[PDB]
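Starting off, we have a lone chain in the form solved without the ligand, written out as structure tokens.
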């Protein structure tokens, strides 16, 4: 399928043990896609002081449409030194590896794969 219904665990930034997916825009987008497929991807909601606590390059999920079965349609945009790779809508949050952190909530998304 071109789209996949996921429920992403929402993590507090101070709980996150692995604070990014790797060391290049291509690697982080690759890794984010693999973890999203394996159910091992968390979401951190972006506010003042969150991004400097995470590792660049960043992977964002961004609203791609204005929500089948409650799932907001999203796509992946990466960011490194203030340049973004991709063009999409509003940020729902930044993706990180999920290694067993306790979530505060779940974000239902329909991911363009």
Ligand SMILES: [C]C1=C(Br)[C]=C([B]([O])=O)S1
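Residue numbers count along the first chain shown, from 1.
Note that the form deposited with the ligand bound isn't included here; everything after this is about it.
- Contact with the ligand in the deposited bound form, defined as a heavy atom within 4.5 Å, is made by none of 71, 73 and 107.
- In the deposited bound form, none of the heavy atoms of residue 78 sits within 4.5 Å of a heavy atom of the ligand.
- Within 4.5 Å of some heavy atom of the ligand in the deposited bound form lies at least one heavy atom of residue 36.
- Of all the residues from 86 to 113, those having a non-hydrogen atom no more than 4.5 Å from the ligand in the deposited bound form are 111, 113.
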